[PDB]
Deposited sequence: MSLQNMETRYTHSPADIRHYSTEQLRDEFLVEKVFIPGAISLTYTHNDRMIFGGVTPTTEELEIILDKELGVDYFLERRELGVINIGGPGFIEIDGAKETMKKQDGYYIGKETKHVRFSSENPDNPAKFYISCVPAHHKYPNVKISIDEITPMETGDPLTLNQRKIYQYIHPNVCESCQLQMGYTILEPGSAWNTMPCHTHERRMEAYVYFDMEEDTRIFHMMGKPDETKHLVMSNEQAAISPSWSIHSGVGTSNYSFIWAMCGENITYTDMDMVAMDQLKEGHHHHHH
């Protein structure tokens, strides 16, 4: 099955007295990669639809049209993808390529069918997709960790020794507004310091991250587990501290 939960946005005031529960209910996505299905969430923050399509025993395709007042999913949207799990395949309008972990892809407006598949149901490919409205059509371009020069910064003295990877960025491809990145916190570090959406993964079962959010003067946090995502509205902070090491994919769009 496939599924897309929509989430309205709020104002720093609406959230001012939110309970830990409420916060989680509005800004935390607990299940991103549920095997055999596509799990998506539509945020009214710039209308980004993100989530995870993790195929196992049957190739998957995000089929959306009436829900978005269009004939097919990408008629008026661009989409970024990065495989977080096992080796798989991506079939964009017939052309079937290989998607190994860390392999990404920028697909543009008007591509009819994008189908995802894994080469092993036991170790499925976890495709994290970030879809956003697009008015212009740019060429589809495959992205491989290789071709990317990870712009590292931070220092283990400030527990932020990390490597950032620009996937959907001007240095590797064109796009209307989507922007994606892959960041891996080097061991012994655990920090992260127009709307954004974060997905944390590749972390020990017991490590958890304290994702900070809200207006800088009224910050609150979401306690997150492995493979969970957080929606961060324009007016909110984007940093987070982990109990240990972790990686995360950030997707954004705006102006």
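Q: Without any C-alpha position in the structure, which residue ranges of the deposited sequence would you list, numbering from 1?
A: Going by the record, the segments left unmodelled (no C-alpha atoms) fall at 1 to 2, 196 to 203, 266 to 289.
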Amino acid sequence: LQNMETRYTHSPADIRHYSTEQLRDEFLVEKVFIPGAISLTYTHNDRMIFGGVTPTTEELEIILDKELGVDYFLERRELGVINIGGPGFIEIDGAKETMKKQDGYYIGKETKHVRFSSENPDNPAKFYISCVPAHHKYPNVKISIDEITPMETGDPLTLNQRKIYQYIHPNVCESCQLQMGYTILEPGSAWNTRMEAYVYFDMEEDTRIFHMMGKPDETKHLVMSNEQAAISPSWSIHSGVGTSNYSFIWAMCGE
From here on, numbers count along this sequence of modelled residues.
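Q: Take the C-alpha B-factors listed in the entry for 138 to 146 and for 75 to 83, compute each mean, and give the stretch with the larger one.
A: Averaging CA B-factors over each stretch, the winner is 138 to 146.
Q: Averaging only over Cα atoms, indicate whether 150 to 158 or 97 to 105 has the higher B-factor in the PDB entry.
A: Taking the mean C-alpha B-factor of 150 to 158 and of 97 to 105, the larger value falls to 150 to 158.
Q: From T57, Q228, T41, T219, can you pick the one with the highest C-alpha B factor in the entry?
A: So the option with the highest C-alpha B-factor is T57.
Q: Which one of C131, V172, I92, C176 shows the top CA temperature factor in the record?
A: Among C131, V172, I92, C176, the PDB entry lists the largest C-alpha B-factor for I92.
Q: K31: which third of its chain by C-alpha temperature factor?
A: Middle third by C-alpha B-factor.
Q: Would you mind ranking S19 by its C-alpha B-factor against the rest of the chain and naming the third, lowest, middle or highest?
A: Lowest third.
Q: Please rank the C-alpha B-factors of the chain's modelled residues and tell me whether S232 sits in the lowest, middle or highest third.
A: Lowest third - that is where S232 ends up once the chain's C-alpha B-factors are sorted.
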